[PDB]
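Each remark here refers to the structure printed beneath this line.
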Number of protein chains: 2
Amino acid sequence: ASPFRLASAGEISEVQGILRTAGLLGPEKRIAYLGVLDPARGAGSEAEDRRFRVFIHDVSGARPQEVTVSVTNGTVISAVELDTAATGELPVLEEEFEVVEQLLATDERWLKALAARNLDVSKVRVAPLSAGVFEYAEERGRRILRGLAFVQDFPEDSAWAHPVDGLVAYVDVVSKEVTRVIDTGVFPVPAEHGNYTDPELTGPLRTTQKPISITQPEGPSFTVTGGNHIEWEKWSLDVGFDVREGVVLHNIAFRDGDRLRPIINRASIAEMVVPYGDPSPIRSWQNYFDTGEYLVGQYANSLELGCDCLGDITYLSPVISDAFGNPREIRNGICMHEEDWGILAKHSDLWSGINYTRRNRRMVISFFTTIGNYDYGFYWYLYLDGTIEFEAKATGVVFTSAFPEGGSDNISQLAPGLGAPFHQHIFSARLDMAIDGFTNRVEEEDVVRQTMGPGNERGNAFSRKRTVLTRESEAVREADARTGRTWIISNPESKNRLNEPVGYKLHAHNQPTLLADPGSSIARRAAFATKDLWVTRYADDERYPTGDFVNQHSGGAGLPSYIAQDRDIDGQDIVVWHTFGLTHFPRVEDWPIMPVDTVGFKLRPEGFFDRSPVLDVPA
Amino acid sequence: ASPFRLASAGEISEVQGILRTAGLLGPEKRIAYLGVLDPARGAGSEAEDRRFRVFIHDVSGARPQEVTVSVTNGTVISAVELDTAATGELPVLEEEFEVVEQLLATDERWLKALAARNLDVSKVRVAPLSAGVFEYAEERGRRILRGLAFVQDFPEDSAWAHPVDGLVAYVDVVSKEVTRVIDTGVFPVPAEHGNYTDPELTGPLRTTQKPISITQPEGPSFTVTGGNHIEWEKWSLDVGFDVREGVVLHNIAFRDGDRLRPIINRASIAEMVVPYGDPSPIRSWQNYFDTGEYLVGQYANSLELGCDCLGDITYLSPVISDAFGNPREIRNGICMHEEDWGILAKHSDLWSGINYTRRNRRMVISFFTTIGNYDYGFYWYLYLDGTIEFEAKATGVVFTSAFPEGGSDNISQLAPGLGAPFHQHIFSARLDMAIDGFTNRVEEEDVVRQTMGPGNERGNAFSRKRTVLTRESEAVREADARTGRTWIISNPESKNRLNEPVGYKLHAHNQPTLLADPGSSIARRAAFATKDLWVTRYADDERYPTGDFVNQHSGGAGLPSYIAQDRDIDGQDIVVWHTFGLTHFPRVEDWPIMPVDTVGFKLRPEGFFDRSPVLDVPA
Ligand SMILES: [Cu+2]
Ligand SMILES: [Cu+2]
Ligand code: NA
Ligand code: NA
């Protein structure tokens, strides 16, 4: 059967053919998003119905459509015309990458700005930047990109070293019109190159690094069946891939003795946003929803053995649609491997004389994406002891500006005249929970300090408290690192051998959440990012914390809308949405290419098992 | 030549000779501590002056002695008699491990307590548990241990499974008296065994783990010279070992071009304490200073190839003193190795067409110690990009009690009738800073949110602020995870090429600090544990946050007394003391042997370098 299998080339071609046959994919049409939908709750007991969801753009100016197709049955389930002024523009198209530059290169206003700075238009790269929603009334219902310029001295030059500050332009990418060109004044274009492969800058390459060789002479300890079903050290799951979210994990479960015990039904990064903290009008509008606006899966890198993924690696090569509905594979886009993870457990007992040491390991499922200047690695880990973890690795080249004469409270200096505006990278992990099945609840757990006094005469006692989140109205929670705050997802109907509800505990990093003023456009569009933890009642159309159409879309959709339904979440099918991010004040060490920095979260079993689940691990 | 070399067997024998000779080491004397002192500031000018410090106990009842010896010249530099009521009792002796059990075995009150519960005295283990300072006037200036009992059913049995609750004893070790026996009532002794090598409990061992082979066919990239001097990937340091602190790192420096740039003069874990949060009088006194009371260095494990340390491992075997002054080797007690650490930096540029990926690695220096039921791994990491990290890995067997009928706010259930009292493990890292030399200062850095309004019309701006800690009275700081609080150690007189002071940024995990009421004995004796970050002016006698003699010292010693001098720390030779720990509410999964959990901290360069320090890493 495998209803959770990866989309195949054939299914994508078949979706193309069904849309063509239905008159929904003529020559003016482009696919902005296409993805398989998950099986309905209660299916499987039913025969397969592989359904695909598609967002269709029209290059002639007609309204776009949202369409669901049954590839199994050869039918259109639903097709609806979108009013983008109301519900949002479609994601940025790959084919739009060059359009902002191209339109600007023959615009008199743009040419005058470049001439004022003695810049050859043929050398000026313009990034295709999402526009957001600000004060420009003509943009409402128009497909707009904003353009920031970077000089490329020659084909292999890193243009990020040479930002053109004081200049921004706005462009209607459908009508092919430049709507505005703003020039607030010339800034020096920083002169130093940032070519990290140029020997003049790297100096002589190190010869001190002796090889490290990681092999598995008997092959890996996991199996892959049905294309994407993994079995490893009692874990079971399906590795999905979506052009928006990237790698998605389905049906995470753990085989405890004879019983396959569900833990998480679906795990994904459902949004990620990069808000900038520079109040210059040149960049004060910039907030990049890498997931919702750009689609991180579509820009997943092909990962090279040795370089990207080291050891004995099993790759998946997910298939996506191009703009015309033809299938296109991302060769070696997903890495899967197990790695040693140091000591699992150890004790040398004085009274028994028994010395005991065991090694840990983890299964790693990862991909790496590139969104303009940024490159991110998304890593999911499963450990022997039942721990589940996510880690993002952020690297690439920092987004640059001029560094103002006399400094800046909102920009860092990286090189002479070269700045890097402050920003955050903020993720939302959507964890559709299934702790021992779907009947789940969430408690907030704080450490409780106790006063010295009767019953605690020495003032040493400390405790904890748990507060059940009973309805969605009560389920928008903030971190409290000082009181060791965590959140436990339990099954109130499933008890361990000590008669306590089985559970998993989410441990957050307690990094700063969204810093923008609460009255800002970004605080509304990225409302999710203002709070660390949200809990909703599962619904099949509540997929993204920002809604389906983020591009140039105001508040009105996403998590705040979902939570208003105030649904019962106390022993129901629920979804946890955890916000976590990095706050980046760039350092000189980040330039000219950034060393990886990290953020994430993990969930650990909390009386899920009846004792340590790793007593059967051999020496 | 190396003044920071490890103590050799010969040095310890030479120290032993000096003591016995001058009438300090007869049959009634026992060495409770011995170690090499670090050289004085600026001693590199003059010839070597190797001194050792010794604490000497007397089993007859005579006053203990602190003694400094010069091994290089064969003299006693000083020898002072200690008043222990005033300055503290000496560290627990290895040879006292069984004395509490033996003294109780012949005691009528104790035997009555055992007979009422039908426990065979030959099967009752009693732990030698540190006493602290409470309400018992008789104990002032006396060497006291407390006893808690655990039943061992046979030689190979884990006694931790069988706590005898409701029962505690106090013991004068020197005069061999039993001062008190408290029996608050019988609790059932939990019956299930906790023998994690018993096939009945483990079930059949897994056969699913295929090997992972990590080799270096050209050997490692680090060199070791003069016994303990490491050079690896631009790093330079010396690996010391002390019987109290364990592994100590000296002279951490980085070769930037042709200059050896100091970063940290000395790094150690200078204290670690395990306070318990159960108000039962049976345990409410218990607070185990594993470092200051027990000495974690002397209980360092011999680490086995393939089991404890995997890959190409270079070992050090530190030598320490036994109770009589003979050198005793800890074979393979320190592991040193490099390991792969994923992606270092990656960018695939749309405009330049250049794809770039580099791999990270880290140097690992570790040891593993065992303190009764606890086992801890202490790991220091140096990364290619200049990051320095410490991680503690906590494992072993949880300290147990009965689980009360009708539950507990201060104890977790692990098995039928078996409890685990809540507790913390709180570490203090003492970082004697030398950022580009000794003239340093510390700033507290908070993220700063900005209000929407003039100068920030879109309400997107955010910033940061830095507050210099100018004097020790202002230098006792708490975490604020919400505002992204960090601490930067800089050198105001050393500027990078952008004319900004060079610095390193300390990133804490912001876990809870000491939870005990501020009026408790443990808040006084482990005052360091109540705050996240302390900065003092360097003094050669200020080595530990809890003082030189922790055992039965009344409050206030160490950091609170040091900070009270209120010295200048703004551009001076300073020391950072970072408190960090684990708050442990034991889970069923921790039983019968606990999977590793971790805590730590890191420091990253912050304008220390003129650009990324890893551009010369090869593909
Ligand atoms: Cu960043
Ligand atoms: Cu613990
Ligand atoms: Na759910
Ligand atoms: Na210092």
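Chain B uses Swiss-Prot numbers throughout; the residues present, in order, are 9-627.
Every residue gets a Cβ built from N, Cα and C, even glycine.
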Further binder of Cu cation named by Swiss-Prot next to B:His431, B:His433, taken from the candidates B:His201, B:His237, B:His258, B:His592: B:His592
Swiss-Prot annotation, disulfide partner of B:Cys317 among B:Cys315, B:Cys343: B:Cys343
Among B:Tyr144, B:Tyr382, B:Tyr570, residue that the record in Swiss-Prot marks as 2',4',5'-topaquinone: B:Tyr382
Spatial neighbours of B:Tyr296 (substrate binding site) among the recorded positions B:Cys317, B:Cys343, B:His433, B:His592 [C-alpha, 10 Å]: B:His433
In sequence order, the recorded positions (B:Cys343, B:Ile379, B:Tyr382, B:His431, B:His592) whose C-alpha falls within 10 A of B:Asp298 (active site, proton acceptor): B:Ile379, B:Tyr382
Shell of the Cu cation site beyond B:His431, B:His433, B:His592, same chain only (C-beta within 8 angstroms of their C-beta centre): B:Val282, B:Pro283, B:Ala402, B:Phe430, B:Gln432, B:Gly589, B:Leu590, B:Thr591
Intrachain C-beta neighbours of B:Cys343 (disulfide bond), sequence separation six or more, cut-off 8 angstroms: B:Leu311, B:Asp316, B:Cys317, B:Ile321, B:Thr322, B:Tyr323, B:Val372, B:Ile373, B:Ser374, B:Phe375
Cα proximity to B:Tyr302 (substrate binding site), best match among binding-site residues B:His431, B:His433, B:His592: B:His433
Rounded Cα separation (Å) that holds between B:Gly305 (substrate binding site) and B:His433 (Cu cation binding site): 17
Rounded inter-Cα distance in Å - B:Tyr382 (substrate binding site), B:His431 (Cu cation binding site): 12
B:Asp298 (active site, proton acceptor), number of other Cβ atoms within 10 Å: 23
Closest of B:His431, B:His433, B:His592 to B:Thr299 (substrate binding site), Cα positions, binding-site residues only: B:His433
B:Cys343 (disulfide bond): secondary structure state under DSSP, collapsed to three categories: strand
Residues near B:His592 (Cu cation binding site) in space but at least six apart in sequence (CB under 8 A): B:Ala402, B:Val406, B:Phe430, B:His431, B:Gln432, B:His433, B:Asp605
